[PDB]
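Heads up, the thing below is written out as structure tokens.
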Amino acid sequence: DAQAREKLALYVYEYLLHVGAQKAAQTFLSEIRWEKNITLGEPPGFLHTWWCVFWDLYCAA
Amino acid sequence: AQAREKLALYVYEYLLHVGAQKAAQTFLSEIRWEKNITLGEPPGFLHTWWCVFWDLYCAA
Amino acid sequence: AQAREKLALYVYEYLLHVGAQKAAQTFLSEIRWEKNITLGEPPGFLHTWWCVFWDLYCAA
Amino acid sequence: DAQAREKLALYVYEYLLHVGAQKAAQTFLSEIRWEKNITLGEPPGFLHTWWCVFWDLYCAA
């Protein structure tokens, strides 16, 4: 449950960096007082990829 | 491409409901967003989707 | 409850597109289905959903 | 890929038994010439459960 909330934050942060919103990403980590490791993938990152999978499925119904 | 625009909205919603209102404002301005904005109740839809999705993916 | 009725339709579609046309007919008749029926291209929507879902669930 | 197709068939079969369509379930296994093991859960079975999860998500957008 908490592991989920922490992983959403991480992947939102990554998105903000790849979407060209770097200022926003930095302030986001300040506002949630993020004291944990940060491990980054390739653009457009995990959240875009999995969102688009579910979108393609949403638009087929 | 209309997928990317809905994700942006739901992320902006996430940021307000998680108490990252500053980032939220900065976000819209950095992507130069100009469309209309509507939201619902916290925690917001991105959180709702994530909970079932991440429970499916398990992992770390 | 309207969830259960869409699943039935998509299953009836699966059965026709997978070559289980006999089962398909028997199915409708056993649940006493009386609503209108529309389908699309094979393999059908239940297969489409399943492929992304089962790839998420992995398992066995 | 094939593992997926085989697991859909299995879980469709289970559904047909729990939904009160037992004749249909039997003929289904004939028509696909199913020569593999059959392992059954509790009603309403795996496919209903996971369908309803995605439905609840579909009806929240």
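Chains as they are written, first to last, in the numbering used here: chain W, 259 to 319; chain F, 16 to 75; chain Z, 16 to 75; chain P, 259 to 319.
For every residue, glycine included, the Cβ atom is placed at its ideal position computed from N, Cα and C.
Next item on the list: Keeping to the same chain, check which residues put their C-beta closer than 6 Å to that of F42(F); ignore five residues upstream and five downstream.
Entry: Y27
Checklist line | Opening and closing residue of the alpha helix (DSSP H) in which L54(Z) lies | finding: Careful: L54(Z) lies outside any alpha helix (DSSP H) and carries neither H nor E.
Next item on the list: Step through the CB atoms of chain P and report whether any lies within less than 8 Å of the CB of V26(F).
Entry: no
Notebook entry, point to check: Rounded to the nearest angstrom, how far is the Cβ of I46(Z) from that of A23(Z), given a contact under 8 Å?
Noted result: 6 Å
Notebook entry, point to check: Do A18(Z) and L30(Z) have their C-beta atoms closer together than 8 Å?
Noted result: no
Item checked: Whole-angstrom distance between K281(W) and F312(P), CA atom to CA atom -> 35 Å
Check: So, is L298(W) buried or exposed, given that buried needs 16 or more other C-beta atoms within 10 angstroms?
Finding: exposed
Next item on the list: Could you give the DSSP three-state label for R291(W): helix, strand or coil?
Entry: coil
Notebook entry, point to check: Rounded to a whole number of angstroms, what is the C-alpha to C-alpha distance between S288(W) and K294(W)?
Noted result: Going from the Cα of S288(W) to the Cα of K294(W) covers about 12 Å.
Check: How would you call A279(W), buried or exposed, if buried means at least 16 neighbouring beta carbons within 10 angstroms?
Finding: buried
Margin query: For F304(W), tell me which candidate among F60(F), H32(F), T63(F), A75(F) has the shortest Cα-Cα distance.
Written below: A75(F)
Check: In chain Z, what lies closer than 8 Å to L315(W) by C-beta?
Finding: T63, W64, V67
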